[PDB]
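Starting off, we have a lone chain in the form deposited in one PDB entry, written out as structure tokens.
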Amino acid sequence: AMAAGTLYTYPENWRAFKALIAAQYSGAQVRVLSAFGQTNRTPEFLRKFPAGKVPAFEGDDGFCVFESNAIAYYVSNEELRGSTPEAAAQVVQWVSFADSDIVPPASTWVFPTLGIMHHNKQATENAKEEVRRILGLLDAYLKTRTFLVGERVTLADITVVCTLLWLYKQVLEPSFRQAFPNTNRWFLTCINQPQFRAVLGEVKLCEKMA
């Protein structure tokens, strides 16, 4: 029925969160091994997961999958994946949108506040505008919708929320996010679902920009 196995990741990984939240919905029993570290470079690990990335998943039956969206799909159910081809296409749509459109300019803006990057006041400011564009797109879409696909939470909302997680926490201060009330309503609703909450915990929106 539902998947059962081990999820290797570093602690508080927003990419692992996608698969952990989905499992809360599905009932998949996913074990987390985090405390590890640079174990991703061990030979065994490499065989199982040649990419050397995390997160990585090893089922109790020996089945291995090594990319975040794929782990989340695997431990999901039909409802999250999309019960119809239309709904499933729409899930892929938002997941791919999250990966291609949100991840990079969020990285460019956030890593500097985290210091993971190097701040180029032009790039960082362009990333801001990019994010603003994204928030705006979500806002206009969610004007008539409670969730992204159908009338229930799917891998779409789970993937996008986790991808926007760091922005909302560290950088999207109130003055900045007020232009997008529908995205914020959606974001708050999602992270307050019991399933999201068991993984994310209480999520404090950025009071002041970092």
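Residue indices: 1-based, along the sequence shown.
The discussion below concerns the form solved in complex with a partner chain, not included here.
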**Request:** May I ask whether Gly5, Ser26 and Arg31 each come within 4.5 Å of its partner chain in the deposited bound form, counting any non-hydrogen atom?
**Result:** no
**4.5 Å heavy atom contact, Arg132 to its partner chain in the deposited bound form** = no
**Message:** I'd like to know if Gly37 sits close to its partner chain in the deposited bound form, meaning any non-hydrogen atom pair within 4.5 angstroms.
**Reply:** yes
